[PDB]
Amino acid sequence: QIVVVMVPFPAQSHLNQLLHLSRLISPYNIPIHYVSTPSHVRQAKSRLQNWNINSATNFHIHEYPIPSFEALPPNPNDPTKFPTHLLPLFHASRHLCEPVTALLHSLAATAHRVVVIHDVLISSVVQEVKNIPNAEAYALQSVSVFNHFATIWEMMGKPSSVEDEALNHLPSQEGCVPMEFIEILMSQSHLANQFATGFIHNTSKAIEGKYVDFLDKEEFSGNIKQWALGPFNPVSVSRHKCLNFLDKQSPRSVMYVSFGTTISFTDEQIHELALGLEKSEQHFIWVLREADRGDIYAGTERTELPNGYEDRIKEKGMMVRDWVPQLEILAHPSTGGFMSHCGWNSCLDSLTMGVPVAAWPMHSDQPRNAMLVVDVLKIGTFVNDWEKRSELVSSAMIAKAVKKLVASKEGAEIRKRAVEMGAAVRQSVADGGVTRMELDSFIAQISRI
Ligand SMILES: O=c1ccn([C@@H]2O[C@H](COP(=O)(O)OP(=O)(O)O)[C@@H](O)[C@H]2O)c(=O)[nH]1
């Protein structure tokens, strides 16, 4: 027998990624053990969409308690805009090493091979794989390969052996992440480099095959195989209040506005966003929700809308403060654009569904993700100016981006290329598609005898 152990990093997008990778691996009838804390399994199951987990067949969940930690609320005034309030959870999560080490030994006793798919950020938890002869590790790289490869390419001194004009215009990484997270990323990545058999990327070669091909060259990944197995989100969705609202609108007329789970705005920036959406005169859905804590069931979530605002926008705008069915919204005919922080899973969501992006990158991989969507693939527009990222984004800038995407002739041109990208992304997962071929080969790799 072959068995797979999923070990996500305990944060929303990372937990959800490996649930949907499990959805993709499940038709191959390979047993899967999905491992997190009780709180994060609760979170992952509660927010899961477009996968009936209760009918997933060879799928086993393990909930391992970890020591208590500070579930600090987000700090909107963090100059980096990075969710630095998660650092106590980064620390606490390393104590999954003990139960995961026990589980890997237990599974390796009876399986021909134990295949450990883990977030690079949690590599230390699974490092016992290098001590088990019939266990091997595939590290999941969670952001765009463009971002991941461009960073490796810069660390190697920018070799000209790969040609790509976009690499000459990369946005600055400066201040994108706090120094603590630098150290953690380097430490965990170096660990994964020591014992990983391969890396898995949540991307499709239809989106970024050129950069997947560069990264797989021995110059850049030497002997560690790279697999492009995405998008992990479904490529079609089978009534929510947001969807009832969309049902009332004209085709491609609604701007969807949402910033994932790692973004915390100042009250001032929220006010400019409110006024900008009103000044756009477009219909919109605005997901206004504080960033996640390291335990989303701890504490009380923080914002006041401007006086008389929610009355003046009643026909035009829907404002929601909870968890929404993002992919289903993006799949609705009435959705005309997506204002996004350009977290990679939201980029994939939008690309899959053919919805053009109004990009507002904030931290980490988001600026390079955004330059891939807007500048390389040509299916979006920028809300903010990255070289001015410390400045308040004015309501005028926001309204200009929204009207461009939803209302103007140039927006219809961006939308047409977005629609063509969507068709190619959805085809890559069907039979004969490039992602299906990658997944078939990955499955062949991990079940070799
Ligand atoms: O109300 C919401 C907000 C987000 N998402 C999902 O949450 C993830 C957001 O991941 P992303 O990489 O965009 O950002 P992060 O939250 O890590 O900043 C994606 O799976 C979205 O589909 C969702 O289902 N509902």
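Values quoted throughout were computed directly from the atomic coordinates according to the rules given, and no laboratory measurement underlies them. So basically every Cβ, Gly included, is an ideal-geometry build from the backbone, and we count neighbours across all protein chains shown.
For segment 241-426, the direction-averaged projected area of the alpha-carbon convex hull comes to 10.4 nm². Helix-only arithmetic for the chain: the sum of -39500 (n - 2.57) across DSSP H runs with n ≥ 4, divided by the residue total, places the mean residue ellipticity at 222 nm at -12000 deg cm²/dmol. Would you mind checking segment 83-116 for residues with the amide N under 13 Å from a putative spin-label position 7 Å along Cα→C-beta of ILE449? Answer for segment 83-116: 112-113.
Across every pair of non-identical alpha carbons in the chain, the mean reciprocal distance, once inverted, gives a Kirkwood radius of 22.5 Å.
As a ratio to 2.2 N^0.38 Å, the alpha-carbon radius of gyration computed for segment 50-173 takes the value 1.41. Find, to one decimal place in angstroms, the Kirkwood hydrodynamic radius of segment 1-54, where the mean of 1/r is taken over every pair of different Cα atoms and then inverted. Here the Kirkwood hydrodynamic radius works out to 11.4 Å.
Summing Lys and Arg as +1 and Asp and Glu as -1 over all other residues whose Cβ lies under 10 Å from the Cβ of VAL287 gives a net charge of +1. Note on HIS190 and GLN173: their simple-model spin labels are 1.5 nm apart, each label 7 Å out from Cα toward Cβ. Each other residue within a Cβ distance under 15 Å of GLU63 adds +1 if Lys or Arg and -1 if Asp or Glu, for a net charge of 0.
A DSSP coil position with no more than 12 other Cβ atoms inside 10 Å describes the following GluC sites (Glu not before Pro) in segment 356-449: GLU391. When only the Cβ of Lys, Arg, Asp and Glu is charged (+1, +1, -1, -1), the dipole of the chain relative to its Cα centre reaches about 1180 debye. For segment 163-173, backbone phi angles converted through the Karplus equation (6.51, -1.76, 1.60; θ = phi - 60°) give residue-by-residue couplings of 9, 6, 4, 4, 5, 8, 10, 5, x, 5, 7 Hz, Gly and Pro being listed as x. Ordered by the count of other Cβ atoms within 10 Å of each Cβ, fewest first, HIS95, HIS118, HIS40 give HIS95, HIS40, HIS118. Over 24 Å between C-alpha atoms is what I'm after, so list which of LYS210/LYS378; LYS314/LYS378; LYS45/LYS225; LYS314/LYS404; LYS316/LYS409 land there. Flagged as over cut-off: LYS314/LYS378; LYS45/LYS225. Sorting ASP365, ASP164, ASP385 by the number of Cβ atoms found within 10 Å of their own Cβ, with the fewest placed first, yields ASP385, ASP164, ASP365.
Charge dipole of segment 241-426 (Cα centre as origin; +1 on each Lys and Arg Cβ, -1 on each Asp and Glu Cβ, all else neutral): 700 debye, rounded to the nearest 20. Can you work out the PRE-style zone for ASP213? Point 7 Å along Cα to Cβ, and I want the residues of segment 136-165 with backbone N under 14 Å. Residues 162-165 qualify, since their backbone N sits under 14 Å from the label point. Spin-label pair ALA423-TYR309: with each label point 7 Å from Cα along the Cα-Cβ axis, the two points sit 4.0 nm from one another. The mean of 1/r over all distinct Cα pairs in segment 190-240, once inverted, gives the Kirkwood hydrodynamic radius of 12.5 Å.
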